[PDB]
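Trainee: Sequence, then structure. It's an experimental one.
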Amino acid sequence: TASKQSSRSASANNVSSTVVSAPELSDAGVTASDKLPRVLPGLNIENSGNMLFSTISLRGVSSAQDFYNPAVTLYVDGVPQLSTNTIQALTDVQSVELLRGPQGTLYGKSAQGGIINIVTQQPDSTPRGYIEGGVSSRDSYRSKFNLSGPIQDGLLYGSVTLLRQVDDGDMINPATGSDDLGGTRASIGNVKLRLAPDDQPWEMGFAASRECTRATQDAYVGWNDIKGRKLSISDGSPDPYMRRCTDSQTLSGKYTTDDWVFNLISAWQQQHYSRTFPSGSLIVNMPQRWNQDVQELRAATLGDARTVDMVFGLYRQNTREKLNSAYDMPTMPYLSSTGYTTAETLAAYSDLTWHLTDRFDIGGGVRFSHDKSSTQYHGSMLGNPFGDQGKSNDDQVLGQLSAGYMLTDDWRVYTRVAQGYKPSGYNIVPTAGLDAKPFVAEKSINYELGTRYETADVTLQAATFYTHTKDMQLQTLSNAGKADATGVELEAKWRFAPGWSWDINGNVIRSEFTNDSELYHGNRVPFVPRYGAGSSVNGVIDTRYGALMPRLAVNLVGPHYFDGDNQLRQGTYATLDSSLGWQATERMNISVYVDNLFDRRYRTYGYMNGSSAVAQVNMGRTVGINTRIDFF
């Protein structure tokens, strides 16, 4: 379904995936990307410094030192997002689908842990709309209006969503005495046009959007002062402040035949954010501009029964980025810079499945890919002019292989050999002194053995796996690293009564650098909890006053480190979330929710500034009230 091909294919079934629907996202309070862990087992997302840089990790594959190229990439309707826009608000999602294991063949670069794929909802002939509106701790609120439906029935349909989410923090800046820092405040707009003539084989889409988030958060607290609120900012320093604006435009296209379906895509995305924050005696100021565009074109064979399922594709993605840095002492400059740097890619790919028996299929795909790249920077450190330029190119060939025997009618066993990668290319930030030689591609490769058992009332899914990453990109950005992640996952779901379900999940992973690694040899790979497990019951009691729907959810995250040197460890924590919905009237549902009930604190991220360990910390417990009237 986000395998880009048939429901029956190798890639759809010989893979550990999880899909979460729009109502489930609300029930768990997933109002933004970075809360998907609540519903996607094995996924860990945290800010590394702030919003713009995630430390997304999955199956013990991670970022690790380089935050402009993640191991999991977020695609929205198949369109890759900018790395700096991965943590975004969810505005009108129908579902989110997660594919675990490398996905280099079907999706491409930065697809080593997996991919997350948001499927936005298309307006159709049925009129549909709603209001959703909350208020929470720390003077946080949230407000969403959505309206969709026919503009000229049988021809043109449309939708509009407006969102204002503010999820505020309560941190303090000694220097100024502001006491509302640490949070984010986004305003977002989003329109869709769909042109689906009533008796024709083709559609066309158009989407526009505009997000503007402000965040105050490039600030840390003492590494052993987690419950505290006073940020480590020396007097004189101002508050930190960033503000990003992303504009996106997608242009879709579809065409159905008896035997084949051809999609065309062409997206655009332009970001520019200001970012400035104090760090120690310095004030850092690092605004940036992005400008990517992707066009994809692909044929695929619907539907079954067929002995050969196929997909073919032609992808092309061009990104341009520009950075200005300015690190500054009170009395004089320390460093300044300015760097354009770009990456383009053409890629053909194909993925085949062969159903030999009724119960046995063998599948495999290959992706050819020609990457280009090109930095150009100049700067001045401690008054010493530097700067270089450089073009480059390279081409890779990733591939998959899978096999699945159906033990019974609804219990299959599969096997996989997949292959992810981050491309060769140039360091995004200028470095003084070292001349610009492009680093070579990181190269992951996973072997997976797993099973799935699907009844009407029960889904069970478990897998075992080993990934080997090499030439890992890890001042400088060169490739000097090797890692081995191996572990086991279990996800299971059971509708014991009607209206009720019970989720459970757990994973145990060991991900370490190899003994022959040029760096951190032997150490645990950062941001990868040793083990993690969670569970959550939710159902529908029924009453004279209207249906009540209570949810209870627990999550346990094992010990992990933030650095290669393994000097900065978090160590285990768990959190209990809960909520109670109430269908007061037939169209209006009010609910109250406290999540992290026991105000447990823990560290989101850390790094060592000189000799002092500093850490960012979780906000704590939030209680809130959230109501949704829906239209028509």
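Mentor: Cool, got the structure. Numbers count the residues shown, from 1 in each chain.
Trainee: Which of the helices or strands spans the residue lying closest to residue 364 once chain neighbours are set aside?
Mentor: Take residue 364 and drop its neighbours on the chain: the residue closest to it by CB to CB, 6 or more residues apart in numbering is residue 401, 4.4 Å away. Just so you know, the C-beta spots here come from the backbone N, C-alpha and C atoms, and that holds for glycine as well. Using DSSP states H and E, residue 401 falls within strand 384-408.
Trainee: could you say what helices and strands that strand packs with?
Mentor: For strand 384-408, the elements it packs on are helix 10-13, strand 360-381, strand 411-418, judged by 3 or more CB pairs under 8 Å, 6 or more residues apart in numbering; DSSP states H and E.
Trainee: Could you double-check that residue 220 lies in contact with residue 613?
Mentor: No. Counting by CB atoms under 8 Å, residue 220 stays clear of residue 613, with 9.3 Å between them.
Trainee: Please say which of these two ends up with more neighbours.
Mentor: residue 220 (24 against 18; other CB atoms under 10 Å).
Trainee: Any idea what the spatially closest residue to that one that is not a sequence neighbour is bridged to?
Mentor: In space, and not counting its chain neighbours, residue 220 is closest to residue 614: 3.8 Å by CB to CB, 6+ apart. Beta-bridge partners for residue 614, by DSSP bridges, are residue 222, residue 607.
Trainee: Does the residue nearest to residue 364 have any beta-bridge partners, and if so which?
Mentor: Judged by DSSP bridges, the bridge partners of residue 401 are residue 364, residue 417.
Trainee: Return the residues in contact with the nearest residue to residue 576 once chain neighbours are set aside.
Mentor: Take residue 576 and drop its neighbours on the chain: the residue closest to it by CB to CB, 6+ apart is residue 597, 4.7 Å away. By CB atoms under 8 Å, 6 or more residues apart in numbering, the residues touching residue 597 are 575-578, 621.
Trainee: Can you pull the phi/psi pair for the residue lying closest to residue 501 once chain neighbours are set aside?
Mentor: In this structure, residue 501 finds its nearest non-sequential neighbour in residue 495, 4.8 Å apart by CB to CB, 6+ apart. For residue 495, the backbone dihedrals (degrees, to the nearest 10) come out as phi -80, psi 90.
Trainee: and the gap between residue 495 and residue 503?
Mentor: Distance, residue 495 to residue 503, using CB to CB, to the nearest Å: 10 Å.
Trainee: out of these two, which sits in the busier spot?
Mentor: Using other CB under 10 Å as the criterion, residue 495 and residue 503 rank with residue 503 on top: 18 against 15.
Trainee: so the more buried one is in which element?
Mentor: Residue 503 belongs to strand 501-513, assigned by DSSP H and E.
Trainee: Now find how far off-centre the helix or strand just after that strand is within its chain.
Mentor: As assigned by DSSP H and E, the chain's next helix or strand after strand 501-513 is strand 531-538. Strand 531-538 sits 20 Å away from the centroid of its parent chain (CA atoms, centre = their mean, to the nearest Å).
Trainee: Now do the buried residues in strand 531-538.
Mentor: The neighbour-count check on strand 531-538 (16 or more other CB atoms under 10 Å) flags 531-534, 536-538 as buried.
Trainee: As CSV, those residues with distance to residue 388 would be great.
Mentor: CSV is the format used below for these (distance: CB to CB, whole Å):
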residue, distance to residue 388
531, 45
532, 43
533, 49
534, 48
536, 52
537, 58
538, 56
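Trainee: shared neighbours of residue 220 and residue 613, anything?
Mentor: By CB under 8 Å, 6+ apart, residue 220 and residue 613 have these common neighbours: residue 606.
Trainee: Next, the contact list for the residue nearest to residue 364, please.
Mentor: By CB under 8 Å, 6+ apart, residue 401 lies in contact with 363-364, 416-418.
Trainee: Most neighbours among these, which one is it?
Mentor: Per-residue neighbour counts (other CB under 10 Å) across the contacts of residue 401 peak at residue 418, which has 30 neighbours.
Trainee: what's the nearest residue to that one if we skip its chain neighbours?
Mentor: Excluding the flanking residues, the one nearest residue 418 by CB to CB, 6+ apart is residue 102, at 4.1 Å.
Trainee: and the one you found, that's in a helix?
Mentor: No. Using DSSP: H, G, I helix; E, B strand; the rest coil, the assignment for residue 102 is coil, not a helix.
Trainee: helices and strands around the helix ranked longest in the chain, which ones?
Mentor: Using DSSP state H to define each element, the chain has its longest helix at helix 22-27. The contact analysis (3+ CB pairs under 8 Å, 6+ apart) places helix 22-27 against strand 93-100.
Trainee: So which residues of the stretch 451-600 of the chain form strands?
Mentor: Taking DSSP state E, counting those that start in this stretch as the test, the strands found in the stretch 451-600 of the chain are 458-470, 482-494, 501-513, 531-538, 548-557, 573-582, 588-595.
Trainee: list the helices and strands the third one packs on?
Mentor: Using 3+ CB pairs under 8 Å, 6+ apart, the elements in contact with strand 501-513 are strand 482-494, strand 531-538.
Trainee: ditto for the last one
Mentor: The contact analysis (3+ CB pairs under 8 Å, 6+ apart) places strand 588-595 against strand 573-582, strand 622-629.
Trainee: With the fourth one instead?
Mentor: For strand 531-538, the elements it packs on are strand 501-513, strand 548-557, judged by 3+ CB pairs under 8 Å, 6+ apart.
Trainee: Among the ones you listed, which comes closest to residue 592?
Mentor: strand 548-557 (10.4 Å; CB to CB).
Trainee: Tell me which residues of the closest one come out buried.
Mentor: Neighbour-count burial for strand 548-557, counted by 16+ other CB under 10 Å, picks out 549-551, 553-557.
Trainee: between the residues you listed, which is nearest residue 434?
Mentor: Nearest member of the buried residues of strand 548-557 to residue 434, counting by CB to CB, is residue 557, at 37.4 Å.
Trainee: I'd say the closest one and residue 530 touch.
Mentor: No. In this structure residue 557 lies outside contact range of residue 530 using CB under 8 Å: 9.7 Å.
Trainee: Isn't residue 384 up against residue 432?
Mentor: Yes. Residue 384 lies in contact with residue 432 (CB under 8 Å); the separation is 6.8 Å.
Trainee: So for those two, which residue has more residues nearby?
Mentor: Using other CB under 10 Å, the more surrounded residue of residue 384 and residue 432 is residue 432, with 15 against 10.
Trainee: Now that one. Nearest residue, chain neighbours left out?
Mentor: The shortest distance from residue 432 to any residue other than its chain neighbours is 4.1 Å, reached at residue 381 (CB to CB, 6+ apart).
Trainee: ranking the helices and strands packed on strand 588-595 by burial, who's on top?
Mentor: strand 573-582 (a mean of 18; mean count of other CB atoms under 10 Å).
Trainee: what about that strand, distance to the chain center?
Mentor: With CA atoms, centre = their mean, you get 23 Å for strand 573-582.
Trainee: What pairs with that strand, parallel or antiparallel?
Mentor: When DSSP bridges is applied, strand 573-582 pairs with strand 548-557 (antiparallel), strand 588-595 (antiparallel).
Trainee: Out of these, which is closest to residue 274?
Mentor: Between residue 274 and the strands paired with strand 573-582, the shortest separation by CB to CB is 31.5 Å, and it involves strand 588-595.
Trainee: any residues touching that closest one, and which ones?
Mentor: Applying CB under 8 Å, 6+ apart, the external contacts of strand 588-595 come out as 29, 549, 553, 575, 577-584, 621-630.
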